[PDB]
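We begin with a single chain expressed as structure tokens, specifically the form deposited in one PDB entry.
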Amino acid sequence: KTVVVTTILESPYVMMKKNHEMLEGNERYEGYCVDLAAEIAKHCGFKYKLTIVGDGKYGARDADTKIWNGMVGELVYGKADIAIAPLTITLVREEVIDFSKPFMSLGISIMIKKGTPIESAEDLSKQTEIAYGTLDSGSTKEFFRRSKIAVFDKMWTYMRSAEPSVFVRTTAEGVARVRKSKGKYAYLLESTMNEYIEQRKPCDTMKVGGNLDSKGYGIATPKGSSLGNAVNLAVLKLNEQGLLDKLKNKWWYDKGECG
């Protein structure tokens, strides 16, 4: 039978093609993860159907109900067979699903509006004229909260008390705030997103400094899945063949708009 792939609309991983209403099935979608799914399927010998996660979420477990949402929930509750998306390999997720080795690396990075005189986290930590913050939940916030590194501790002590609030409800809000704050806001977010947005019109943002931590996206399957061993080997094979890097260059740089 056909493998049900769960994935999520997040550019440039999975995007509606311009004329998606004229198309059907897998042909509606394009992107890094669309291309990656086709290569995984080809290397594992399976037919598949791409579906967009019903609740539009990656995967978190409610602290009160213990219920998983997003793509992880679609795996553990038996709605999909594999998630092929920019889903971070994390301890809490790894406990309930199987992950391939990472297909893309990333880490926390700084996004400024071009012109802003900030080149690093240390620069941010030393000043307050340019506000800076993180998404209001999730791991980037938690990274600062728990850090024992002096620079990041200084940054957390500032962020947690800063007024007006430097936290944002969505990544989209973080990026809009950089763009609409006239050089007075910098936003801490995933390097992959930062690099992507740097290549998008209106070309007014840029990534600065090194990453502050390290993590990876993986393909996820249920524990015991008849697909999991072959999917992981296929990720390694695609990495070694230069295909993962080719796809990253294609979707971030070849299709870039900013020179």
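Here the rigid core means the biggest group of C-alpha atoms that line up within 1.5 Å when the two forms are laid on top of each other. Sequential numbering from 1, following the sequence displayed.
query = Comparing 11 to 19 with 231 to 239, where is the mean C-alpha B-factor higher?
reply = Of 231 to 239 and 11 to 19, the stretch with the higher C-alpha B-factor average is 11 to 19.
query = Which has higher Cα B-factors on average according to the PDB entry: 78 to 86 or 128 to 136?
reply = Higher of the two, by average CA B-factor, is 128 to 136.
ask   = At the C-alpha atoms, which of 43, 57, 28, 215 reaches the highest B-factor in this entry?
value = The C-alpha B-factor peaks, among 43, 57, 28, 215, at 43.
message = Among the modelled residues of this chain, does the Cα B factor of residue 50 put it in the lowest, middle or highest third?
response = Middle third, going by the recorded CA B-factors of the chain.
message = Please place residue 192 in the lowest, middle or highest third of its chain according to the CA B-factor in the PDB entry.
response = Middle third - that is where residue 192 ends up once the chain's C-alpha B-factors are sorted.
ask   = Of the three thirds of its chain by CA temperature factor, lowest, middle or highest, which one includes residue 203?
value = Its C-alpha B-factor, which the entry lists for residue 203, ranks in the highest third among residues of this chain.
ask   = Relative to the other modelled residues in the chain, which third contains the C-alpha temperature factor of residue 5: lowest, middle or highest?
value = Lowest third - that is where residue 5 ends up once the chain's C-alpha B-factors are sorted.
task = Determine, from the deposited record, the chain-internal third of the Cα B-factor for residue 112: lowest, middle or highest.
result = Lowest third of the chain for residue 112's C-alpha B-factor.
Same protein, other form: the form deposited in another entry, not shown, and the subject of what follows.
query = Upon rigid core superposition, which of the listed residues (76, 104, 151, 89) is displaced by 2 angstroms or more at its Cα between the shown form and the other one?
reply = So the only displaced C-alpha belongs to 151.
query = After the core is matched up, is the C-alpha of residue 208 off by 2 Å or more between the shown form and the other one?
reply = Yes; that C-alpha moves by at least 2 Å between the shown form and the other one.
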